[PDB]
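Offset between the sequence shown (1-based) and the authors' numbering: plus 16.
C-beta: ideal position from N, C-alpha, C; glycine also.
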Amino acid sequence: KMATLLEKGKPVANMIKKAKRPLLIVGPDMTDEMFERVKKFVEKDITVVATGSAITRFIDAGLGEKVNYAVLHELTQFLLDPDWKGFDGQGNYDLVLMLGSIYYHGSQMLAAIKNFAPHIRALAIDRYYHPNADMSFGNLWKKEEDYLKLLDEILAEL
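Quick look at the structure:
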């Protein structure tokens, strides 16, 4: 199985709304315009976790106290455990969305979750196709605006 291609943001919003406990993982490979969208996600009914360098952006935006922090491989370890209590002690996350991942690392985490965590559905919502997600955006990086538009479709529906 390769990740089903997602071509619109509305379907992604719908899955976020239906999940019991959605988690948005935000890594360091975020353009300035991507980070404008991510600020807006922080205000939605979704748990946000920043990995590595991404945490600095949230701090400088004054959103430090509105997001979680993790080291990516450690967070992946916790996610794999079906019995992990999550950041708030109230459970694991049934829907995990990934953006801004260093591609190679994001790919390995997605493979780990696919192989070992059937309890999680994983969506890659980045500007590169991630075959290892359950679902992924395509290779949109040549025309970043197309990608921003998809993120805007998610946001408008949330």
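Is residue 14 buried or exposed, if buried means 16 or more other CB atoms sit within 10 Å of its CB? With the chain covering 17 to 174 only, the question about residue 14 has no answer from this structure.
Any chance the stretch 18 to 38 sits against the stretch 105 to 115, with 3 or more Cβ pairs inside 8 Å? yes
Check whether the Cβ atoms of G154 and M46 sit closer than 8 Å, and answer yes or no. In the sequence shown, the residue the question calls residue 154 occupies position 138. In the sequence shown, the residue the question calls residue 46 occupies position 30. For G154 and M46, no; Cβs fall outside 8 Å.
With a threshold of 16 other CB atoms inside 10 Å of the CB of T92, please say whether the residue is buried or exposed. Numbered from its first residue, the sequence shown carries residue 92 at position 76. The residue is buried, with at least 16 neighbouring Cβ atoms inside 10 Å.
Return the first residue and the last residue of the alpha helix (DSSP H) that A133 is part of. Taking the first residue of the sequence shown as 1, we reach residue 133 at position 117. Careful: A133 lies outside any alpha helix (DSSP H) and carries neither H nor E.
Could you check where the alpha helix (DSSP H) with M114 kicks off and where it finishes? As a position in the sequence shown, residue 114 is number 98, starting the count at 1. No alpha helix (DSSP H) holds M114; the beta strand (DSSP E) holding it covers 111 to 115.
Scan the stretch 29 to 109 and note each continuous alpha helix (DSSP H) run of 4 residues or more that stays entirely inside, going in chain order. 48 to 58, 70 to 76, 88 to 96
The alpha helix (DSSP H) spanning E23 covers which residue range? The residue given as residue 23 occupies position 7 in the sequence shown. That residue, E23, is in no alpha helix (DSSP H); it is neither H nor E in DSSP.
The alpha helix (DSSP H) that contains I118, what's its start and end? Indexing the sequence shown from 1 puts residue 118 at position 102. Note, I118: premise wrong, no alpha helix (DSSP H); not H, not E.
Alpha carbon of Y85 to alpha carbon of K17, nearest angstrom: For the purposes of this step, residue 85 is taken as residue 69 along the sequence shown, with counting starting at 1. For the purposes of this step, residue 17 is taken as residue 1 along the sequence shown, with counting starting at 1. Between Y85 and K17, the C-alpha separation is close to 31 Å.
My output table needs one value for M151: the three-state DSSP class, helix, strand or coil. For the purposes of this step, residue 151 is taken as the residue at position 135 of the sequence shown. Strand at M151.
Between the stretch 127 to 138 and the stretch 54 to 67, are three or more C-beta pairs nearer than 8 Å? no
C-alpha gap between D48 and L95, whole angstroms: On the sequence shown, position 32 is the one that residue 48 refers to. On the sequence shown, position 79 is the one that residue 95 refers to. Rounded to the nearest angstrom, the two C-alpha atoms are 28 Å apart.
Would you give the residue range spanned by the alpha helix (DSSP H) that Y163 belongs to? Within the sequence shown, numbered from 1, the residue matching residue 163 stands at position 147. Element bounds for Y163: 160 to 173.
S152 classed as buried or exposed, judged by whether at least 16 other C-beta atoms fall within 10 angstroms: The sequence position of residue 152 within the sequence shown is 136, counting from 1. Burial call: buried.
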